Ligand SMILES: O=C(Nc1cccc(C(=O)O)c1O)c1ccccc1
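One chain comes next, on its own, written out as structure tokens in the form solved without the ligand.
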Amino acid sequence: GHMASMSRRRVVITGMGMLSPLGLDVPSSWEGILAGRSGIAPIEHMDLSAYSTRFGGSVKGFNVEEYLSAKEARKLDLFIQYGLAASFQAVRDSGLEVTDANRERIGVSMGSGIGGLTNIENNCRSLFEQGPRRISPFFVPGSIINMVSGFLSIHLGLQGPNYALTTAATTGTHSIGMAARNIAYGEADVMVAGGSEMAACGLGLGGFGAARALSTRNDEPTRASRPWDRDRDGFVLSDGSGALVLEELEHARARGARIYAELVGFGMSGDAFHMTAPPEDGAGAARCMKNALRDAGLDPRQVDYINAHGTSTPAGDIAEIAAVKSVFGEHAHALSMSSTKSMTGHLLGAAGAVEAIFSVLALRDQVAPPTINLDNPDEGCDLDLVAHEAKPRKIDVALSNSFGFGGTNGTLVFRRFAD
């Protein structure tokens, strides 16, 4: 397809790392996904008695000192600490040895939807109570979104392309796709790519609550996230990070890397419709998926698994069903599609990264993760949405969808790598 036509340089995944509401690493998170475990709970880290939503997907038991000194960590917003944890895990998982001979060829693209909201909140309190002199000196470099890419490159000595995306739900999906573009173009041999988020502060839960975006099912938080279910009432805000080591194929082979999967395509579109609520036909999402398949040189009939956007929103969920039916026709009923957000909630800038990882693991393990809480599928939601329980099945090709605020769409295509 277009990717292979534009460069002979193929892109594979050789390392993964994650923090999620289900685990402090990939295997612990994935065990929870396959078991249909919810990571959603009442928030403990702050008092939400005055808030309309008092629950979400928190990282439980994170220890930044597994990754950084206490002193290094005090300077850094949680979204940075999370993105470094995922990145360091991914690089360790890859087995790559960074040297003087390769450091220029290794870059970073780690993004965030909202970035350092907690630090911004803490410094505004200092500003209003005591004045600008009590703002932290580390406020800017500890809070701006590109500092995951910055600090990761400083800690590991990575001198390749260095940047950060910020596209809401699509952040992690653009980051990975544009990192694959760098490698195939020849600007890098390796990229650490993905995203991180920690928006569970007063401003984040309050801001999404004021926009009426969030589920308010406080009495049963594990049932709140119910993509395609007729009783859904908005998304669950979740925290964490995902990172993937992307690598040119011959570079991976020459060092005896373990290859999880190949990244064979990347599609994008804009809805040009509305800030939050996509068109009911999912026309934009449909263009994005077709662009991704043409990029990969795949026919729709070759797709086995879709890791949906599936945020548990009235407008969003049904648009995605329509887009899949448009792109896949009869094959819509043969593929499996699931929303892992049923278990993790919506990790916003990290969603696309953690979901790329789940898509790769679906290929490794030949199993479609479930959509939990899909008790009463809404009108039209009659596909195999892997309701309730994991489904073992053949998976050669897995898509990951992200349809983010502003109508910004991205789709990744992963495929088994034979070796």
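Numbering starts at 1 and follows the sequence shown.
Participant: Between 218 to 226 and 327 to 335, name whichever shows the higher mean Cα B factor according to the PDB entry.
Facilitator: Of 327 to 335 and 218 to 226, the stretch with the higher C-alpha B-factor average is 327 to 335.
Participant: Look over 38 to 46 and 51 to 59 in the entry and identify the one with the greater average Cα temperature factor.
Facilitator: Higher mean C-alpha B-factor in the PDB entry: 38 to 46.
Participant: Choose from 163, 128, 235, 305 the residue with the greatest Cα B-factor as stated in the PDB record.
Facilitator: Checking the PDB record, the top C-alpha B-factor among 163, 128, 235, 305 is at 128.
Participant: Name the one of 297, 316, 107, 111 with the greatest CA B-factor according to the PDB entry.
Facilitator: Within the set 297, 316, 107, 111, 316 shows the top C-alpha B-factor.
Participant: Please rank the C-alpha B-factors of the chain's modelled residues and tell me whether residue 406 sits in the lowest, middle or highest third.
Facilitator: For residue 406, whose C-alpha B-factor we compare with every modelled residue in the chain, the answer is the highest third.
Participant: When the deposited Cα B-factors of this chain's modelled residues are ordered and cut into thirds, is residue 255 in the lowest, the middle or the highest one?
Facilitator: According to the entry, residue 255 has a C-alpha B-factor in the chain's highest third.
Participant: In terms of the chain's CA B-factor thirds, is residue 290 lowest, middle or highest?
Facilitator: Tercile = middle for this residue's CA B-factor.
Participant: If you rank every modelled residue in this chain by C-alpha B factor, which third holds residue 123: lowest, middle or highest?
Facilitator: For residue 123, whose C-alpha B-factor we compare with every modelled residue in the chain, the answer is the highest third.
Participant: Tell me, lowest, middle or highest third: where does the Cα B factor of residue 136 rank within its chain?
Facilitator: Top third by C-alpha B-factor.
One more form of this protein should be noted, the form solved in complex with the ligand, which is absent from this view; the next part is about it.
Participant: Ok, 149, 119, 81, 89: which has a heavy atom sitting within 4.5 Å of the ligand in the deposited complex?
Facilitator: So the residue touching the ligand in the deposited complex, by this definition, is 89.
Participant: Here the chain is shown alone; which of 298, 332, 156, 249 has a heavy atom within 4.5 Å of the ligand in the deposited complex?
Facilitator: Looking at 298, 332, 156, 249 one by one, just 156 meets the 4.5 Å heavy-atom criterion.
Participant: Wondering, does residue 67 line up within 4.5 Å of the ligand in the deposited complex on heavy atoms?
Facilitator: Answer yes; at least one heavy atom of residue 67 falls within 4.5 Å of the ligand in the deposited complex.
Participant: 332 to 340, 240 to 248, 91 to 99, 255 to 263: which one contacts the ligand in the deposited complex at 4.5 Å, heavy atom to heavy atom?
Facilitator: Heavy atoms within 4.5 Å of the ligand in the deposited complex occur in 91 to 99.
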